[PDB]
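Enquirer: Protein chains in written order, with the authors' numbering: chain X, 1021 to 1166; chain Y, 99 to 141; chain V, 2 to 412.
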Amino acid sequence: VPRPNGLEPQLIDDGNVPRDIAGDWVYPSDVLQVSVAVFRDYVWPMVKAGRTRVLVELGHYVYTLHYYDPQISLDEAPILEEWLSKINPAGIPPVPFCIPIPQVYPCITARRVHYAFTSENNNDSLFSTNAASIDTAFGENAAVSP
Amino acid sequence: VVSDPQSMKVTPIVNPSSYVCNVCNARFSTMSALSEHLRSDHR
Amino acid sequence: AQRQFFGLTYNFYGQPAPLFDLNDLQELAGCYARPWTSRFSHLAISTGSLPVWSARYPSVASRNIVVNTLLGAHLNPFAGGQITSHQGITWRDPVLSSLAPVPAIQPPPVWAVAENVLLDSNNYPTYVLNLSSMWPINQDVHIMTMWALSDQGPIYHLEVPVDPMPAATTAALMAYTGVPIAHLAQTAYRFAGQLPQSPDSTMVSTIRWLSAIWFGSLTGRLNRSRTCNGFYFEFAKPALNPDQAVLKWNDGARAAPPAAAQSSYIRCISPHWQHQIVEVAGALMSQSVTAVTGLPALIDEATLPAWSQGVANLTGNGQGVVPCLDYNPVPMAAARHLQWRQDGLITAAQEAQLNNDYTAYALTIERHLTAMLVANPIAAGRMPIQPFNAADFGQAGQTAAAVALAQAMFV
């Protein structure tokens, strides 16, 4: 619900009592499907500003990875904004998570801005972090689990 | 300005691409066109 | 027109400085930091029935309760003559518009923090010499006065003459028909707060006739079968948004002008007024009248808070005072439903039904405020809730006398 003369647009909370976007929200996935058009226009501009951590609560999703290079700078916002623009009241695209490619040496890294990160430990197929490398240095070493 | 590798790139906090009617929602390409919805339809 | 408003600054409740910080100045709706012509600003655009309240402002009367201490904290004029400045904040110029940070080169004197400073108005000669520009400030200060002279709900003022509604009043009122009480408060206030009107203006005697005509409805005396002069307020189910009032027009059996004037100040002791947009509207809708026309008399010192005891020209104790009949939302509406059953509007079964549906609603009002006062104490800094204490919420004072006033106000 929008508010007059410069007042925050209240986001109708669960109990059915419009609350304000600058806070911590829990988005029952289904909701996020018949609502993105809104999400992206009021809560999204908010999350980027770094003032409204939101938990999209979806049971078990498919998950696309995207390894970028920690050397160079990157801002994970568009590989997310796009994912949002592909959510119909019908179906959502496999949640995409950006992940730095694990380096061998101790490289200087560019401050990247990330947003998507799962709560449950869904890193169960990593297998190995730097097969050939004599030792991973910046990436997350993941010695072949015995 | 010195183009370089690392330099914490940060997306615009409000997508400059489209412009939503705040009263209604009929979006617009250029900010300009959105002034017309708010000056015409909503006035 | 009129220029001589005697005010009174908000109480501190035992706190050091006035209950509000720096952020309150740049958060007010409408015109930047201009506290004048604010109040009903966050309600300018209606989206739905749900009462507008955010995180910092946990209630309906929260927006106003804050603009009050923020108002008094910057009211050296009328009470000193100077302009001063509180925490590096002052008015732009003599007209007194928005509040900007203290100007360099020639900064004003620091305001001496004080509790309950009597406002004389004439003490600031620039006011009368520039009335048509800084007129809203008169209406607003008057509001703060009515809110300050009470620790439990704004004390407005009902009246009603001995004779029937004027011929110019009945023609002016037939324009606010399908308009909720929430909106009548917005149109009333926005009226008397933008241009110097006269005490005997057509829109003034009609808005006053609209306020006292609302009290009878709130008490149930002026229902669907008993109009004051063809105007009343139909109330919906309490479980289905009781805030809806609306001034419906009918042609039933009108009442009758009383034998004498029923001038009487009213108050809402129960802290329920805080979250009820209907109570805050009824209060501010009446205050709009006592603005253009200063207090018809003095207020009774009978009860009231411990700080409003014997004010300069506001609260007296002699014979020139008018008694203040304070009520309580729950028992008032419980007696309001009882009136409907007496004349046959509702069945004897809907009598004890509407009571349970309303007492459950008023419970939500209580469960909300108690949970907000604990979240936002008082020693923290601000006062968006106003420390009411949980020992009350249901100690109904002379509400039974306010009801007897409505029966006498419309015989």
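Using N, Cα and C, we set each Cβ at its ideal position, and we do this for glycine too.
According to DSSP, is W1045 of chain X part of a helix, a strand, or is it coil?
Expert: Residue state, collapsed to three classes: strand.
Enquirer: Using 9 angstroms as the limit for Cβ to Cβ distance, is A45 of chain V near chain X?
Expert: Yes, because at least one Cβ of chain X sits closer than 9 angstroms to the Cβ of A45 of chain V.
Enquirer: Pull up the distance between the alpha-carbon of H1080 of chain X and that of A1130 of chain X, whole angstroms please.
Expert: The straight-line gap from Cα to Cα measures roughly 32 angstroms.
Enquirer: So, are the CB atoms of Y11 of chain V and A149 of chain V less than 9 angstroms apart?
Expert: Yes, the pair counts as a contact, with Cβ atoms nearer than the cut-off.
Enquirer: Kindly say whether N1025 of chain X, judged by its beta-carbon, lies nearer than 9 angstroms to any beta-carbon of chain V.
Expert: Interface residue, yes.
Enquirer: Assign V118 of chain V to buried or exposed, taking buried as 16 or more other Cβ atoms, counted over all protein chains shown, within 10 Å of its Cβ.
Expert: Classification of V118 of chain V: buried, given that the 10 Å Cβ count is 16 or more.
Enquirer: DSSP puts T291 of chain V in a beta bridge; with which residues?
Expert: Beta-bridge pairing links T291 of chain V to no other residue.
Enquirer: Do three or more CB pairs link the region 140–159 of chain V to the region 250–261 of chain V at distances below 8 angstroms?
Expert: Judged by Cβ distances under 8 angstroms, the region 140–159 of chain V makes no contact with the region 250–261 of chain V, as fewer than three pairs qualify.
Enquirer: Would you check if the distance between the CB atom of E1096 of chain X and the CB atom of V1056 of chain X is smaller than 9 angstroms?
Expert: Not a contact, by the Cβ cut-off of 9 angstroms.
Enquirer: Going by DSSP in three states, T348 of chain V sits in which element: helix, strand or coil?
Expert: Coil, per DSSP.
Enquirer: Just the C-alpha distance for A34 of chain V and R1039 of chain X, rounded to the nearest angstrom, thanks.
Expert: The straight-line gap from Cα to Cα measures roughly 24 angstroms.
Enquirer: Work out the CA separation of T1149 of chain X and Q1091 of chain X for me, nearest whole Å.
Expert: Their Cα atoms are separated by approximately 17 angstroms.
Enquirer: At which residues does the beta strand (DSSP E) containing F394 of chain V begin and terminate?
Expert: Per DSSP, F394 of chain V belongs to no beta strand (DSSP E) and is neither H nor E.
Enquirer: Identify whether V205 of chain V lies in helix, strand or coil by the three-state DSSP scheme.
Expert: Helix at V205 of chain V.
Enquirer: Show which residues of chain V have a CB atom less than 8 angstroms away from the CB atom of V1021 of chain X.
Expert: What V1021 of chain X touches in chain V: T48, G49 and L51.
Enquirer: What three-state label does DSSP hand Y11 of chain V in the structure shown?
Expert: Here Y11 of chain V sits in coil by DSSP.
Enquirer: Quick one: what's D1095 of chain X bridged to in DSSP?
Expert: In DSSP, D1095 of chain X forms a bridge with X:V1133.
Enquirer: Taking 8 angstroms as the cut-off, does the region 23–34 of chain V touch the region 65–76 of chain V (at least 3 CB pairs, one atom from each stretch)?
Expert: Because the criterion of three Cβ pairs below 8 angstroms is met, the region 65–76 of chain V and the region 23–34 of chain V touch.
Enquirer: Taking its Cβ as the centre, do 16 or more other Cβ atoms sit within 10 Å of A246 of chain V, making it buried, or is it exposed?
Expert: Label assigned to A246 of chain V: buried.
Enquirer: Can you check whether the CB of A101 of chain V is closer than 9 angstroms to the CB of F21 of chain V?
Expert: Their beta carbons are not under 9 angstroms apart, which means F21 of chain V does not touch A101 of chain V by this criterion.
Enquirer: Excluding five sequence neighbours on each side, which residues of the same chain lie with their C-beta closer than 6 angstroms to the C-beta of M145 of chain V?
Expert: Around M145 of chain V: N69 and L72.
Enquirer: Which of the three DSSP states, helix, strand or coil, is assigned to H1080 of chain X?
Expert: Looking at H1080 of chain X - three-state DSSP - the assignment turns out to be coil, as it is neither helix nor strand.
Enquirer: Identify whether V99 of chain Y lies in helix, strand or coil by the three-state DSSP scheme.
Expert: Coil at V99 of chain Y, not helix or strand.
Enquirer: Kindly list the residues whose CB is nearer than 7 angstroms to the CB of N356 of chain V, restricted to its own chain and excluding five residues on each side of it in sequence; keep chain order.
Expert: Hits under 7 angstroms: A335 and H338.
Enquirer: On the DSSP letters alone, give me the boundaries of the beta strand (DSSP E) that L159 of chain V sits inside.
Expert: It spans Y157 to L159 - the beta strand (DSSP E) in which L159 of chain V sits, taken as one unbroken run.
Enquirer: Rounded to the nearest angstrom, how far is the Cβ of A183 of chain V from that of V279 of chain V, given a contact under 8 angstroms?
Expert: Confirmed, Cβ separation roughly 7 angstroms.
Enquirer: Beta-carbon separation of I270 of chain V and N318 of chain V under 9 angstroms?
Expert: No, they are not a contact pair.
Enquirer: Can you name the residues that DSSP bridges to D327 of chain V?
Expert: Looking at the DSSP assignment, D327 of chain V forms a beta bridge with V:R268.
Enquirer: Less than 8 angstroms between C-beta atoms, sequence neighbours within five positions excluded: which residues of the same chain meet that for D1089 of chain X?
Expert: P1120 and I1121, listed in sequence order.
Enquirer: Which residues, taken in chain order from the region 1029–1041 of chain X, show a beta carbon closer than 9 angstroms to some beta carbon of chain V?
Expert: The region 1029–1041 of chain X vs chain V, Cβ under 9 angstroms: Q1030, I1032, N1036, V1037, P1038, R1039 and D1040.
Enquirer: If you check the beta carbons only, do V290 of chain V and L248 of chain V fall under 9 angstroms apart?
Expert: Going by C-beta atoms, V290 of chain V is not nearer than 9 angstroms to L248 of chain V.
Enquirer: On a CA-only basis, which of V:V205, V:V161, V:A168 and V:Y58 is nearest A2 of chain V? Give me that one, please.
Expert: Out of V:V205, V:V161, V:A168 and V:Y58, V:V205 has the C-alpha closest to the C-alpha of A2 of chain V.
Enquirer: Which one or two residues does DSSP pair with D1040 of chain X in a beta bridge?
Expert: Note: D1040 of chain X sits in a beta bridge opposite X:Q1030.
Enquirer: Given a cut-off of 9 angstroms on the beta-carbon distance, is the pair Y190 of chain V and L285 of chain V in contact?
Expert: Yes.
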